[PDB]
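Enquirer: experimental coordinates for this protein are included below, preceded by the sequence.
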Amino acid sequence: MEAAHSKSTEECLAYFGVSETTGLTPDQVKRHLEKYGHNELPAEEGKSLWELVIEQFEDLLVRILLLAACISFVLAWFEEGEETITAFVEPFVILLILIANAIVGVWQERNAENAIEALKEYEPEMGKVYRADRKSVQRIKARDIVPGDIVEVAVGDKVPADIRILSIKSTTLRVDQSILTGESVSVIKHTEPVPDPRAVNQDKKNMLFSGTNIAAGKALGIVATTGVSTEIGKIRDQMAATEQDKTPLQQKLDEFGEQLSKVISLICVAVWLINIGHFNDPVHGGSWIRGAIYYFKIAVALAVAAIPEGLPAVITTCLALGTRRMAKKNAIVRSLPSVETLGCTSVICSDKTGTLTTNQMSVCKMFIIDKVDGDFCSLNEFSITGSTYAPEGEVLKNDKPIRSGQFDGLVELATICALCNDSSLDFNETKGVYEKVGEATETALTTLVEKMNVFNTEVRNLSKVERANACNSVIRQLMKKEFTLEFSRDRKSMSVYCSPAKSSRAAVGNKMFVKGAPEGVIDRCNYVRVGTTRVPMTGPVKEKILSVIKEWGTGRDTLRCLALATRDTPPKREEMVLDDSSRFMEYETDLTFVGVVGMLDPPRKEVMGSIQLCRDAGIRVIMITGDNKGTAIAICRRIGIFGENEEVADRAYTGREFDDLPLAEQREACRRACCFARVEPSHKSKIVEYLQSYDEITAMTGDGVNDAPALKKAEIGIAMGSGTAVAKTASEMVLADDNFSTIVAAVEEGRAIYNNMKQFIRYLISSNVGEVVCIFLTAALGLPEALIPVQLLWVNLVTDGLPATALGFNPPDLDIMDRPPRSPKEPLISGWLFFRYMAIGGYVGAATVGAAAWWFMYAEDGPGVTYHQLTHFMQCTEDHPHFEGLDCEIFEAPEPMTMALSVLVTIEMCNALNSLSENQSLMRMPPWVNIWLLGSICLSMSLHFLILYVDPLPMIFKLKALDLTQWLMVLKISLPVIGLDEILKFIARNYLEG
Ligand SMILES: Nc1ncnc2c1ncn2[C@@H]1O[C@H](COP(=O)(O)OP(=O)(O)OP(=O)(O)O)[C@H](O)[C@H]1O
Ligand SMILES: CC(=O)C1=C(O)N2[C@H](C1=O)[C@H]1c3c[nH]c4cccc(c34)C[C@H]1C2(C)C
Ligand SMILES: [K+]
Ligand SMILES: [Mg+2]
Ligand SMILES: [Mg+2]
């Protein structure tokens, strides 16, 4: 059943061929069940951590090692009858690093909770039907409802499916549709058609939508659609959409992953080319094995060298410290990578109600008549502060404070608010806050009455639970509410019939106390109360009143306005017929006007300030609200999204206006406009999609089920601490305390993380380029092994890891928030900076070959053929009597390596100091500054000795502790590094850009 709202009740009945009075036969039920399925959202399991691990190896750069390890395991096995008792470390360290790293990656995006599980909580298990085979309402499983079912719902039901309402049994049906609108206000249903086929939820006043709940009354309807075809079904489909998302930063990292590998691959042809360059002279005397494994020896080494294994630990650690400082701010970060995202965000879309606002309806203004004299009428106007339901607040006249009980008019106003009311207030002792019981607009009246305290009741000493309704009980003691003329559509108001407590049924002094929509109520007054007197309602008194009502209704006041009145001489109860609501407007006539109250749902107090700081960081703030446009706008103005008088014709839309724009126009409207009102959940994610199609990194902030699709679709979803579970579990971050200031601090953190990552990516890859450069020289110069895989894995996980993690501990830049955000198209490392790690790289590459190549020559400790003849590790015994005169097993020595690796280390240590500042020479920013980094260098340095001295280690990594002379050379070749970056740091600070 499509478009049931745009037809008549009989058209919907006829449509399925059912009587409203008997229901489906159980044959119809069978058929309809086969044809439409069951009435439930399908579960989404969500990937079990086997399939995640497996997916971690789905990208090249890991597959590249997963391949290696195997070949190092091919090599691990086919080891000569020599170093046999641990040739296997290579394969296994490697394969263990794979798992580790891959575990970390899955772990950091954690999260059991499942947003569809949370959302099926709004599926009732039971619903109620009429069907042909029994006369009375049957109470079956909700999932067994089919389209065409006659269903009944009543107070506190969860609506089990999407239903066209057939008849309303009570005088009104009041619905809470907050899962589709964000708003808890009751919607007053009716049964007429709503012909517009494009009507939005807010407009389908003749439908019940599944998962909302009935706040008052009783209704029968016909099911139109069920399961996945409902409004909650749409929300569910958009939260499925699990197109594996990555942050902006993760994608960058991946781009960078893909480039690293299309390095490694080109270097292996290159290393395969200078090899097949001298493949034309093997003197063929030792099998094509000695060369077969000469690739997949340096081809493993080429991978271990180029990959910065390690990045994942120090990156994960970086994020993890950010996440911990955001905890101190009461921002919980559910997904470690999103602790960075807001740092590059350019647009923040925000829900209003409960997010930007407190979602506590408050009476902020009221008035009564002051004085009347022919055409002269003045008002007493008052303001009331407080924006929670808590009874804390004061009443002002002119911004000076007053005692309400001194105005007789305020006394009667409070009286009407307390009696003409079906809600109350509760203190929630577990949560330590006041909470409404019943409707927000009514509860507003309750808190008002408690802030007026018109009879000077003593409340300083009441427990908070007792305080919740102290003043109201006082008023209830004066006057007994006998019955309510409940609210009806034809009169726009409601009343309560009351007798003085302590009077007899026959006595005089019965009153009706009326509240409602100002116009109808003001027309039914013939009098105005002045103090404790009464005078005739006249044209200019009415005119005066309507005048400020008008104003209050339409500023960036734009307040919900209620008139309060009293029937001084109501009819005798006997004369009233209660069962006939159509009679009620007449019973509510000959009224005395008393006062007007103006309420709104107010912004949280830090929002205005937060919006202005986003603006300073170049972030746009856009409101997407299920609520109506006039409040949307008015609030945008109170919080600085619009200036107090900006014109906003082309800058604010309803759902329905937006749906009338063409595609190109909609898309443009998301750049031009700042206020989107009366929308559906789909509109929110659609606006997000459009903003993202200009390549903006887009955030979503909110609290509702109606927000979940947009939070999921944004680059980051931020949920409020007091909102729904559904919103919370679609989010990456939660503001536990609801402080929107935290957003701005989250931006600051974000930028600071990006900067860290830049600085220790540059610092580590540097190292990485030097090792590729050694390995490609202990090759194209047929040279003995300068550095081995077991070793680079150590420098690359640990000795570089401790400092890289230590550069972490920088206090952020002073100026990171005064600057728009980085463009999505700004590469990680680029330009100067790439050149600058390159040059570091090569110098390492050339420095490590050397210190090896110079414990082979100039080095008293192993005088080798000092005219470059060290190139031939081929003709060992092969040409033993050639250019020789001593040993044979001298290349496999640890020394050439222990000088080679000692330099790859001492060089990266200095680099760890260069690296404290991208540009400010070590001269001007002293290198003692970050202590933890020097700390880190001692940890690293000492560890480097553990592998030279602690008995077992110097065999695995094949080393030997060095002569004092030895280090002092390592040190003569490493210390220059500093003056190297320095020439790159003068050139930067100056003859470059500045
Ligand atoms: N219990 C009540 N007591 C007094 N007045 C009420 C009561 N309930 C509703 N009203 C008044 O009459 C209306 C009730 O809702 P209505 O169907 O007219 O929707 P609406 O306010 O015009 O907005 P929307 O565009 O979201 O449909 C007013 O908005 C409101 O202030
Ligand atoms: C086993 C596994 O899950 C992983 C890891 O083990 N790693 C990283 C990683 O994600 C790999 C990776 C992907 N993209 C980049 C960019 C920069 C650095 C790295 C990566 C490290 C890669 C590897 C294999 C060390
Ligand atoms: K998201
Ligand atoms: Mg991974
Ligand atoms: Mg909300």
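Expert: Cool, the structure landed. Numbering: from 1, shown residues only. Ligands and ions are numbered 1, 2, ... in the order given.
Enquirer: secondary structure element for the residue most central in space within the chain?
Expert: Centroid-nearest residue in the chain, with C-alpha atoms, centre = their mean: residue 717, separated by 1.9 Å. Applying DSSP states H and E as the criterion places residue 717 in strand 716-720.
Enquirer: CA atoms only: put that strand into CSV for me.
Expert: The C-alpha trace of strand 716-720 is given here as CSV (Å, rounded to 0.1, in the frame of the first residue of the first chain):
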residue,chain,number,x,y,z
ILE,A,716,32.5,11.8,11.7
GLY,A,717,29.2,11.4,13.8
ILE,A,718,29.2,13.1,17.1
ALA,A,719,26.2,12.1,19.4
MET,A,720,25.1,13.9,22.6
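Enquirer: buried residues, the helix or strand just after it. List them.
Expert: Next along the chain after strand 716-720, taking DSSP H and E as the criterion, comes helix 725-730. For helix 725-730, the neighbour count (16 or more other C-beta atoms under 10 Å) marks 726-730 as buried. C-betas here are computed from N, CA, C, even on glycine.
Enquirer: what's the answer for stretch 174-192, then?
Expert: Those would be 174-189, 191, for stretch 174-192 by 16+ other C-beta under 10 Å.
Enquirer: how about the CA coordinates for stretch 691-707, as CSV?
Expert: The C-alpha trace of stretch 691-707 is given here as CSV (Å, rounded to 0.1, in the frame of the first residue of the first chain):
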residue,chain,number,x,y,z
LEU,A,691,28.1,18.5,1.0
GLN,A,692,30.5,15.5,0.5
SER,A,693,30.1,15.7,-3.3
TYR,A,694,31.9,19.0,-3.2
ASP,A,695,34.6,17.0,-1.5
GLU,A,696,34.0,18.6,1.8
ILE,A,697,35.0,16.6,4.9
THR,A,698,31.6,16.8,6.8
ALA,A,699,30.7,16.2,10.3
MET,A,700,27.1,15.5,11.8
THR,A,701,26.2,16.3,15.4
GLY,A,702,22.9,15.1,16.9
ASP,A,703,20.9,12.9,19.4
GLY,A,704,17.9,11.4,17.7
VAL,A,705,17.0,8.3,15.9
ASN,A,706,16.1,10.6,13.2
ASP,A,707,19.8,11.8,13.2
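Enquirer: residues near residue 979, how many?
Expert: For residue 979, the count of nearby residues is 12 (other C-beta atoms under 10 Å).
Enquirer: repeat that for residue 473.
Expert: Neighbours of residue 473 using other C-beta under 10 Å come to 14.
Enquirer: distance of it from residue 224?
Expert: Going from residue 473 to residue 224 by C-beta to C-beta, to the nearest Å gives 45 Å.
Enquirer: how far away is the residue of the stretch 151-300 of the chain found nearest ligand 4 from residue 63?
Expert: In the stretch 151-300 of the chain, the residue that lies nearest ligand 4 is residue 257 (9.6 Å; C-beta to the ion). For residue 257, the distance to residue 63 (C-beta to C-beta) stands at 11 Å.
Enquirer: quick check on those two: which one has the bigger neighbour count.
Expert: Between residue 257 and residue 63, counted using other C-beta under 10 Å, residue 257 has the larger neighbour count: 18 against 12.
Enquirer: wait, doesn't residue 989 sit right on residue 918?
Expert: No: when contacts are counted by C-beta atoms under 8 Å, residue 989 is not listed as touching residue 918 (10.2 Å).
Enquirer: and the residue located most distally from the centre of the chain, what element?
Expert: Distance to the chain centre peaks in the chain at residue 881, reaching 73.9 Å (criterion: C-alpha atoms, centre = their mean). Using DSSP H and E, residue 881 sits within no helix or strand.
Enquirer: got it, and residue 427?
Expert: strand 424-428.
Enquirer: chain center to that strand, what's the gap?
Expert: 31 Å (C-alpha atoms, centre = their mean, to the nearest Å).
Enquirer: how about stretch 22-39?
Expert: Put simply, stretch 22-39 sits 41 Å off its chain's centre (C-alpha atoms, centre = their mean).
Enquirer: give me the contact list for that stretch.
Expert: 16-18, 129-133, 142-150, 160-161, 225-227, 229 (C-beta atoms under 8 Å, 6 or more residues apart in numbering).
Enquirer: in helices, which of those residues fall?
Expert: If you go by DSSP state H, these have residue 16 in helices.
Enquirer: just the buried subset of the contacts of stretch 22-39, please.
Expert: Buried, going by 16+ other C-beta under 10 Å: 16, 18, 129-132, 142-150, 160-161, 225-227, 229, out of these.
Enquirer: ok so, going back, leaving out chain neighbours, which residue sits closest to the residue nearest to the centre of the chain?
Expert: Spatial nearest neighbour of residue 717, excluding adjacent residues (C-beta to C-beta, 6 or more residues apart in numbering): residue 711 at 3.1 Å.
Enquirer: okay, and the one you found sits in which element?
Expert: Residue 711 belongs to helix 708-713, assigned by DSSP H and E.
Enquirer: give me the buried positions along that helix.
Expert: 708-713.
Enquirer: of the residues you listed, closest to ligand 3?
Expert: For these, the nearest to ligand 3 is residue 712 (5.3 Å; C-beta to the ion).
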